[PDB]
């Protein structure tokens, strides 16, 4: 019996946010916008309400949730060992950055953290998310709003495809600004570790952290063992049709001929090269490509074609993050 309430992204109707806060108080799951992707959230201190997130997403128990906060004072409650990183955190928060810390809070149950001694924490730069958290009065545990393994919802149409009739409330604030999930950095080890590339660019983190480690699974998508964050273990971001990622574009002639029943996801500058194609954005504006990629995967899988074929991009700036997503999605990679 799902309700969809439109709110302004800058000054949302506090009445809609109070309705959402009341649902959260009742141990219900709601869907809300951020600057990255839509989230599906519960009271972070409510065990049974956080289990409902796992059940609703068809999500493996060992994939932990990000705890969304609105103030530095809430970070003092839920984490420890962060005092040396506060100057850093204050430069990027609120914003599209998630950090892994040692868990303090007795109050955040093991289901949220997948029984790990660490917690993933984000302060999102979206007035709707910040105002909801503050009105509700507890942190919100929220993964991406999508069935697990599917592309992350960046607008209410995608949320509706996955969750109509399954959640009481969806707050609609339109297309998310970035269209890609937060950068994840582990700050619990001697050297900081990138776990998921995102809108906070690898190049920027390397300026601040010369010793930043970038593990193989970030450049390949191939992690086994116990994941410390979202977006590491399992198939992700995947359309309902086989995804062929083409890193080496000189084989694009050969791929199209090997997989005849195709639609191509391509850039504006190569649009008049393919008969059937979805234009995801321009190479002159890489943020356009990040903004639309999950959308493009969802249109593409509805074109009644057997195979979705995607152009590769430079492993640089925001396109690093795009390629990480496409590699975790791809049924085949032509390199």
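Positions refer to the first chain, counted from 1. If you superpose the two forms and keep the largest set of C-alpha atoms that fall within 1.5 Å, you have the rigid core.
- Choosing between 101-109 and 166-174, the greater Cα displacement from the shown form in 4 other deposited structures of this protein, fitted by the core, goes with 101-109.
- The records show that residue 222 is omitted from the coordinate set of at least a third of the other eligible entries of this protein.
- In the record comparison, residue 72 is modelled in each of the other entries of this protein that model the residues flanking it, with no third of them omitting it.
- As the entry records it, the average C-alpha temperature factor is higher for 273-281, out of 288-296 and 273-281.
- With 161-169 and 95-103 compared on mean CA B-factor from the PDB entry, the stretch scoring higher is 161-169.
- Taking the deposited Cα B-factors for 252, 185, 135, 145, the highest one is held by 252.
- The PDB entry assigns its highest CA temperature factor, among 240, 202, 112, 213, to 240.
- Sorting the modelled residues of the chain by their CA temperature factor places residue 41 in the lowest third.
- Ranked against the other modelled residues of its chain, the C-alpha B-factor of residue 181 as given in the entry falls in the lowest third.
- When the CA B factors of the chain's modelled residues are split into thirds, the value for residue 12 lands in the lowest one.
- Remark: residue 256 belongs to the highest third of its chain, ranked by C-alpha B-factor as recorded.
- Remark: residue 59 belongs to the middle third of its chain, ranked by C-alpha B-factor as recorded.
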